[PDB]
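Values below: all heavy atoms of this structure, side chains included; hydrogens, waters and symmetry mates excluded. Each ligand, and each atom within it, is numbered from 1 in the order the structure gives. Within every chain, numbering begins at 1; the chains are lettered A, B, ... in the order of the sequence lines, protein sequences first and strands thereafter.
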Amino acid sequence: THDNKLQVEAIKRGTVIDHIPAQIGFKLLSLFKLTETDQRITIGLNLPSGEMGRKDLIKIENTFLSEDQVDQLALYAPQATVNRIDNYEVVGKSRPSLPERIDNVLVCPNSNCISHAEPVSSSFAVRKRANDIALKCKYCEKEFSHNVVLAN
Amino acid sequence: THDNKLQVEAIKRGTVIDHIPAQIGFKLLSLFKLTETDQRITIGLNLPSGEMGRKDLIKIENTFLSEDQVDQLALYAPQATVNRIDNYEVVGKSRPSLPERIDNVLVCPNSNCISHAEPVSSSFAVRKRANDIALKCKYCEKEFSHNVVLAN
Amino acid sequence: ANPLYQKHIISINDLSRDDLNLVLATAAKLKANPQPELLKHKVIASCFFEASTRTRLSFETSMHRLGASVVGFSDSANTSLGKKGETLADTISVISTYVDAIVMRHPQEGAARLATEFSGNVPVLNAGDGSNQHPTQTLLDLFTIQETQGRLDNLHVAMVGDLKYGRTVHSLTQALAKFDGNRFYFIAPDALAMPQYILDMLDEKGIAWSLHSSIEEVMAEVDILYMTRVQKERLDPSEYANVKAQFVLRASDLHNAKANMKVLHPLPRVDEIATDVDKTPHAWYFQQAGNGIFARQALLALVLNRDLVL
Amino acid sequence: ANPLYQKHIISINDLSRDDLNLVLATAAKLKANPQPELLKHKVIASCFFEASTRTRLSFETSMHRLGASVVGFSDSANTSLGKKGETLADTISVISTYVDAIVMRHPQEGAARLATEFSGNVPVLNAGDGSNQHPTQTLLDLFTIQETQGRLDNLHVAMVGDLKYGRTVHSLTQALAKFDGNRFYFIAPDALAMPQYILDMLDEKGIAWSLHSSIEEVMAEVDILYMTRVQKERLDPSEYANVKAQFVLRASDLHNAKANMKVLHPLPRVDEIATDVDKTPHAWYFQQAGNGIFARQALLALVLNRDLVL
Amino acid sequence: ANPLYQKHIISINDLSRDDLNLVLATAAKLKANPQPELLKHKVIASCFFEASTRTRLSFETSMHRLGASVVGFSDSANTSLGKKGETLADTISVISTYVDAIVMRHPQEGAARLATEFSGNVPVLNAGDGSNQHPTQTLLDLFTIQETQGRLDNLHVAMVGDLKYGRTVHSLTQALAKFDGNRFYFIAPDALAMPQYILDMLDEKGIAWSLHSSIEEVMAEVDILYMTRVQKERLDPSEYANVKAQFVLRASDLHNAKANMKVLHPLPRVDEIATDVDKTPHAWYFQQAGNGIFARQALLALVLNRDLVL
Amino acid sequence: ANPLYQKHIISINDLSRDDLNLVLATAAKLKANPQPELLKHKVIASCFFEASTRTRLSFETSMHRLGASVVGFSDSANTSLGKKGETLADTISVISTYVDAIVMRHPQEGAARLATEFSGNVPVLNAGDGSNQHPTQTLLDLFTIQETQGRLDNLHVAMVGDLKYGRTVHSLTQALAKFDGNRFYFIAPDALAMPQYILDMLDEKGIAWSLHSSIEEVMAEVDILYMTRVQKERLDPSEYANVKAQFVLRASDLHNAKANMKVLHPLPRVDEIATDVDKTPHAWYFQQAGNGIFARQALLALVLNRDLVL
Ligand SMILES: Nc1ccn([C@@H]2O[C@H](COP(=O)(O)OP(=O)(O)OP(=O)(O)O)[C@@H](O)[C@H]2O)c(=O)n1
Ligand SMILES: Nc1ccn([C@@H]2O[C@H](COP(=O)(O)OP(=O)(O)OP(=O)(O)O)[C@@H](O)[C@H]2O)c(=O)n1
Ligand SMILES: O=C(CP(=O)(O)O)Nc1cc(NC(=O)CP(=O)(O)O)cc(C(=O)O)c1
Ligand SMILES: O=C(CP(=O)(O)O)Nc1cc(NC(=O)CP(=O)(O)O)cc(C(=O)O)c1
Ligand SMILES: O=C(CP(=O)(O)O)Nc1cc(NC(=O)CP(=O)(O)O)cc(C(=O)O)c1
Ligand SMILES: O=C(CP(=O)(O)O)Nc1cc(NC(=O)CP(=O)(O)O)cc(C(=O)O)c1
Ligand SMILES: [Zn+2]
Ligand SMILES: [Zn+2]
């Protein structure tokens with residue numbers, strides 16, 4: 001990120017989710033179970049920035065993401081920027097592109113979906129609307145505003 | 001001492017939970033809702049050591065813990081120590097001894113216990129039976145082995 | 001004797017404003033200075049042809065707070081009294097030979113009024129008849145509003161939820177439509193919107209009402225926020241989920257809530273009011289359930305006691 | 001006021017020995033010299049979320065023996081109060097606005113303690129919460145033992161039956177573990193043996209206990225023989241048949257029974273105590289049920305009456 | 001290698017126009033020339049987790065019309081296998097090891113879809129999942145619409161009743177909205193209007209539709225008058241009392257009906273279609289039901305057969 | 001003239017080693033080469049006096065796999081024929097005059113055995129009688145054990161769960177205790193231990209067995225890990241709360257499992273086997289279920305056929 005004095009270092013063969021909103025950081029570690037490994041991961045919840053001020057920052061080392069795994073980040077930091085990196089150099093830096101689907105992480109607001117009690121990882125069809133994202137469940141086939149799906 | 005190899009650089013007065021066993025650092029962030037805050041929060045897991053080898057380690061920049069908070073961690077992070085550091089100088093090393101009352105982060109393994117559906121927080125009476133810590137449900141008054149309550 | 005003496009409380013429409021005030025007043029007298037033997041020796045019938053634990057418990061406690069005796073029944077698998085499918089009338093016709101007053105709850109609209117044409121000289125108080133009335137509930141709601149606002153006129157009253165079906169809602173609205181200056185805000189899903197028959201009645205009496213899809217739209221201006229329970233069956237699950245937010249309160253939604261705003265709810269609340277709302281000073285649903293005791297006491301006192309002292 | 005005044009009786013573990021003796025003492029006072037208007041004007045809630053006719057009848061009779069009023073419910077198909085699946089808390093939260101004390105029975109362990117964190121200032125007495133406690137039962141058992149033995153110390157107490165699951169058993173044992181010199185004899189099938197958690201507690205307090213597979217093994221030395229009901233479902237039928245004998249009393253098994261031995265049983269007895277045991281002088285299960293009236297009276301008196309005269 | 005061979009049958013949304021046709025073509029072939037031993041040796045599970053006589057018997061009958069065997073069950077007094085608890089996944093992983101294809105009905109949306117994730121190579125046909133789909137009798141409605149109109153394009157379709165909740169109209173409409181020329185008429189009170197996600201999809205496809213209040217204002221140009229039931233138990237009694245006589249069809253309302261006009265109803269009809277309409281030539285509901293045998297047959301013959309000699 | 005021809009199938013105790021083999025041999029022949037018209041023209045009663053979906057459908061499916069017809073019933077909301085009262089004897093003397101063989105399940109031990117005393121010449125196959133026998137799925141467990149291990153001798157068998165009450169483990173154990181070399185591992189809390197009448201019979205036959213507390217201390221030498229369910233509704237909640245995580249299997253506990261090791265479970269599993277084990281190669285429970293079709297088939301083909309062309 002921008003600013004470096006008494007901060008963290010850098011890596012060699014790992015990704016760096018930079019520019020992630022405040023509070024949404026930890027959640028991204030939860031929703032996607034990233035800490036669930038042995039790779040040296042480092043976080044920066046509430047960091048110094050230029051435009052957005054305090055952005056959380058995760059740098060899981062020796063771990064790579066696809067153009068899609070990055071797009072799973074899409075709903076929780078459209079601004080963010082995944083940083084593939086090697087030899088201390090940003091080999092490539094991708095951005096959250098809206099996905100065509102979202103599996104495992106989202107829960108079906110349809111209390112009557114067979115999805116719940118059952119041993120199946122959820123799944124929705126994605127489609128941007130004028131002001132939001134429409135998510136359609138693979139099971140009950142009911143569509144919901146992402147504002148309601150992600151809604152607790 | 002270790003962080004002065006690939007300089008993540010330690011910081012001044014405050015509390016830095018360190019010597020947590022890897023894979024048990026996301027937990028405390030989660031369980032004790034530690035990332036719910038704003039003070040310069042930095043996190044590093046799967047690090048190096050010796051007899052442990054690895055370790056998680058949260059750093060809560062300037063802001064202290066209770067003597068007991070030092071304890072609630074005792075069930076999860078035994079061999080570890082919160083640093084009552086007063087500006088770079090690691091002065092005040094608090095080592096969490098087993099707490100006698102756990103509240104909120106534990107779940108009563110009794111599927112019939114009143115606690116589950118209702119708006120109350122769990123709470124158990126700690127004791128080290130055979131030394132394997134036997135926790136008593138404030139509610140059902142049933143006693144289980146800490147290794148039964150923790151599982152799920 | 002007093003205006004309501006030996007009268008019948010079937011509808012919130014057969015009651016005037018003097019009437020209501022008369023009930024609240026008495027309900028305040030009794031709260032401050034209780035008369036535990038006012039109905040000593042009277043026997044009351046708590047007939048709940050339809051099950052309602054919270055109302056039955058309340059009414060019966062109001063019955064024992066004046067020293068009156070009690071007998072009754074509940075949701076019998078096969079209609080109570082007669083014991084075979086005999087008519088409601090033959091039922092009331094008998095119990096009225098035993099008691100001094102009848103409190104009843106029936107699943108059919110107009111049940112209290114029909115009993116009325118049979119209780120002989122016996123006063124019958126309606127505790128609920130199908131989706132029609134439920135006067136005692138409105139009384140305690142008005143008693144709870146008037147106590148905490150000091151009045152029942154020029155009030156900013158917002159009503160949220162199943163405005164379409166809630167009988168207490170239609171009723172409170174009609175009662176408040178007896179006082180002046182009241183302003184209503186109605187927040188509910190158009191599939192559960194406030195019936196026209198009511199907006200039409202408010203239109204006539206010249207009262208101001210407006211529709212809102214969100215609580216925060218008027219939270220700013222409300223004195224009393226009266227929430228309803230959107231009986232989960234009233235909707236298709238996925239439908240429910242998508243409208244759920246429209247009608248649920250939390251503590252954070254309270255930030256710009258007036259100092260005097262009390263949050264009422266006829267109960268049960270469980271899917272509408274987050275438990276964190278509980279510890280806020282606005283929450284008043286339990287204090288509200290508490291006032292059903294003084295409202296029901298007041299009602300019984302007046303009706304069974306001739307020259308009610310105060 | 002008295003030590004137990006406005007206190008809560010949730011567990012037989014939250015009670016001390018002064019406490020207990022205090023309850024028995026009062027229970028003896030009232031038995032000899034009754035005060036029928038001691039709770040005149042108080043209203044008590046007999047809430048039996050779980051059905052228990054014999055305890056409800058008893059408690060309510062103790063409630064009317066002091067002149068107190070009563071309201072309540074029983075095993076409602078769909079949880080009582082709230083009337084839709086609202087939380088136990090929202091239930092207690094309301095009833096507590098109506099009553100002066102709450103007696104409740106719930107099928108979930110810890111139900112009385114949770115209500116306690118909601119009854120406001122209202123005393124709640126636990127009549128039974130799942131397989132956890134049931135204090136009033138132990139009180140009448142201790143009151144029945146202390147009355148007929150003249151004491152509660154150095155007693156030869158034999159317990160027979162479903163020692164593994166019976167909550168009254170675990171509880172009486174813990175209470176008697178508050179007095180000195182007690183010696184326990186436990187007769188039950190190892191599949192239904194007395195939990196270690198208890199033998200471990202008796203081990204600590206230094207109390208003598210021994211295991212026996214037959215009643216006649218100690219009939220010789222027992223003062224009180226406390227039988228349990230081996231809920232017939234706890235076992236596979238053929239299993240039950242083969243262990244049945246281990247735990248059943250008859251008059252002939254009494255031959256070498258001490259003069260002072262009373263045969264107690266929390267009831268129902270029906271598959272454990274032959275009816276011929278009835279007419280023997282040892283039989284005391286009915287006198288025992290009789291003392292639940294004075295125990296429950298004592299409990300209510302203390303708790304709802306400040307300066308309890310005696 | 002047949003298009004629908006070994007393919008699951010879950011949502012109308014998954015069946016392309018040509019799919020619909022292969023089914024309706026194959027259908028008529030089977031009704032012209034029955035292949036009774038076609039599925040001889042094949043065992044099929046008729047699992048109705050949500051009892052539904054009419055559909056099940058129509059389905060099972062179809063199965064026997066092609067020579068197959070049937071094992072199955074109805075209602076789920078229980079939990080849906082697992083002696084209570086067991087996931088729908090396990091009860092399908094199992095069953096799928098016995099039969100050659102599963103026909104299922106379930107009270108929860110998604111059910112069949114999950115199913116197909118556990119039956120491995122066994123085709124799963126949905127006979128109704130909660131309020132989601134019912135591919136089955138819609139492939140038969142369609143079959144009926146084409147058998148009598150000769151086509152599924154350039155048709156005038158009116159739909160009456162519970163359009164908001166009728167899961168069969170939503171499907172039929174989505175189904176016909178795959179062919180061209182069709183014009184829709186929606187006659188339902190404001191309370192049960194055809195949802196907007198159906199109307200959007202229509203406008204988005206250049207398909208004409210319009211709302212009407214009386215059958216009479218469209219009876220002259222209607223080819224198919226498709227009546228849905230009124231989920232009565234779902235409304236208020238007085239409300240449905242109203243919204244009835246308006247959307248009830250009588251033989252006299254048929255005076256100006258087109259010569260080729262047919263009346264359809266997924267069944268059962270009790271209030272909606274008067275009995276004096278049965279005898280008029282437009283009455284086609286029972287003939288439509290009978291057609292469920294041929295649609296259900298084609299579907300099975302197609303899914304379980306590589307190439308059909310037809 | 002086939003050994004099992006026209007012979008009843010009631011207890012594992014009645015089937016000799018060669019009997020087991022003829023069934024398991026004939027089984028595999030039928031799974032290799034199905035004889036679909038083998039029992040054509042034969043009618044079979046599928047009488048489940050104690051509903052049991054999974055077993056019944058597996059059984060009935062088997063019947064249809066050999067060409068037979070089925071009439072029958074499930075659950076006994078009633079009394080077991082007699083419009084209430086009628087003895088099981090009369091309802092069998094009758095049925096036996098219609099069908100060619102009776103398949104029965106009953107809640108009482110002895111049921112099938114009595115049955116055979118009244119069906120005259122009609123073979124009675126027991127599909128489970130109370131807590132006594134279930135010959136049927138044990139002939140399929142065995143079939144599964146041999147299909148995957150290639151043998152029923154010199155095996156290492158571990159058994160987990162409710163061993164005291166699992167009527168299927170008792171049978172399996174008695175069944176395997178007829179072949180030689182087998183070694184048993186019993187992993188169950190002290191509360192549900194494998195009874196001693198099973199262990200005696202073992203010691204009395206020079207068959208090795210041993211008790212263990214963790215699957216891990218035997219996972220390396222286990223050929224068949226046979227999991228039984230935990231009759232949860234049978235225990236105390238807190239007790240089963242404990243005795244769980246200890247006897248629950250997870251895919252990770254499989255790290256050192258032998259290459260040929262298989263996991264079995266009579267089904268249903270909900271707590272006992274984690275869902276992440278299904279995907280590992282040892283998971284064989286659903287394949288074992290599917291094998292019930294072949295064991296059940298052989299049994300019918302053998303009992304109803306003099307000499308089988310196989
Ligand atoms: N060895 C490295 C290399 C890169 N990064 C991170 O990768 C991102 C690269 O962004 P940077 O080159 O520092 O430019 P900025 O000014 O931060 O703006 P931008 O985020 O748009 O790149 C930053 O989060 C930087 O900290 C890192 O932590 N360690
Ligand atoms: N301002 C500071 C000071 C210390 N630390 C952390 O405190 C830990 C322990 O420091 P200390 O006990 O003073 O010396 P160590 O050599 O680390 O002790 P040990 O050998 O037990 O790890 C170190 O890992 C260091 O990173 C920190 O994060 N910030
Ligand atoms: O209001 C009461 C008891 P009370 O007079 O508040 O002590 N009971 C009552 C009211 C109401 N009032 C409503 O407005 C319906 P809601 O509770 O969903 O808001 C409904 C029911 C019911 O069981 O359907 C029961
Ligand atoms: O003891 C009472 C009534 P009480 O306090 O003696 O007037 N009821 C009670 C106690 C107990 N006490 C037991 O110890 C069980 P048991 O009656 O089988 O010995 C059980 C039940 C039950 O319904 O399961 C009910
Ligand atoms: O057609 C039937 C006869 P059934 O009563 O299910 O045996 N049922 C059915 C069909 C449908 N809808 C259809 O379109 C099938 P149809 O064309 O047979 O009417 C819906 C339902 C429902 O429960 O919502 C039920
Ligand atoms: O196998 C089944 C399937 P089902 O639920 O009876 O349809 N049931 C069954 C088997 C068995 N035991 C067996 O060994 C048969 P299996 O090998 O199929 O598990 C016991 C019981 C019981 O009720 O105790 C029930
Ligand atoms: Zn869904
Ligand atoms: Zn508990």
### Query
Would D:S58 and D:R296 count as a side-chain hydrogen bond (donor to acceptor under 3.5 Å, both in side chains) if you check the C-alpha gap in whole Å, the side-chain angles of each, and the deciding distance to 0.1 Å?
CA-CA 8 Å; D:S58 177; D:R296 270 133 193 170; 3.0 Å; yes
Protein residue, atom and distance nearest to [atom], heavy-atom basis:
atom: atom 3 (C) of ligand 4; answer: D:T55 OG1, 2.7 Å
atom: atom 2 (C) of ligand 4; answer: D:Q137 NE2, 3.4 Å
atom: atom 13 (C) of ligand 4; answer: D:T168 CG2, 3.5 Å
atom: atom 16 (P) of ligand 4; answer: D:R229 NH1, 2.9 Å

### Task
Consider every N or O of D:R296 and every N or O of ligand 4, then say whether any pair is closer than 3.5 Å.
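N/O-N/O distance under 3.5 Å: yes.
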### Query
Between D:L267 and ligand 4, is there a nitrogen or oxygen pair with a distance under 3.5 Å?
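Yes.
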Looking at [X], which atoms of ligand 4 are within less than 4.0 Å of one of its heavy atoms?
X: D:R105; value: 9 (C), 21 (C), 22 (C), 23 (O), 25 (C)
X: D:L140; value: 5 (O)
X: D:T228; value: 19 (O)

What I want to find out is whether [X] reaches [Y] closely enough, with some N-O distance under 4.0 Å, to be called a salt bridge.
X: F:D236; Y: B:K142; answer: yes
X: B:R129; Y: B:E143; answer: no
X: D:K178; Y: D:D19; answer: no

Which heavy atom of [X] sits nearest to which heavy atom of [Y], and what is that distance?
X: D:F247; Y: D:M227; result: O-CE, 3.6 Å
X: A:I114; Y: E:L88; result: CG1-CD2, 4.2 Å
X: E:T116; Y: E:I10; result: CG2-CD1, 3.0 Å

### Query
Any side-chain heavy-atom pair from D:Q137 and D:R167 closer than 4.5 angstrom?
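Counting from C-beta outward, D:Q137 and D:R167 never come under 4.5 Å.
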### Task
May I ask you to identify, for D:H134, whether its side chain, its backbone, both or neither come under 4.0 Å of ligand 4 on a heavy-atom basis?
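Only the side chain of D:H134 comes within reach of ligand 4.
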### Task
Report, rounded to 10°, the angle at the Zn ion (ligand 8) between the two atoms SG (B:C113) and SG (B:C108).
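An angle of 110° at the metal.
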### Task
Can you tell me, to 10 degrees, how wide the angle at the Zn ion (ligand 8) is between SG on B:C140 and SG on B:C137?
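It comes to 110°.
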#### Entry: Sub-4.0 Å heavy-atom contact, D:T136 with ligand 4
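It does not; every heavy atom stays at 4.0 Å or beyond.
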### Query
Touching ligand 4 at all, D:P266? Heavy atoms, strictly under 4.0 Å?
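D:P266 counts as a contact of ligand 4 under the 4.0 Å cut-off.
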### Task
Count the heavy atoms of every other residue, nucleotide or ligand shown that sit under 6.0 Å from NZ of C:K244, and state whether that count exceeds 12.
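Counting other residues, nucleotides and ligands, NZ of C:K244 stays at 12 neighbours or fewer.
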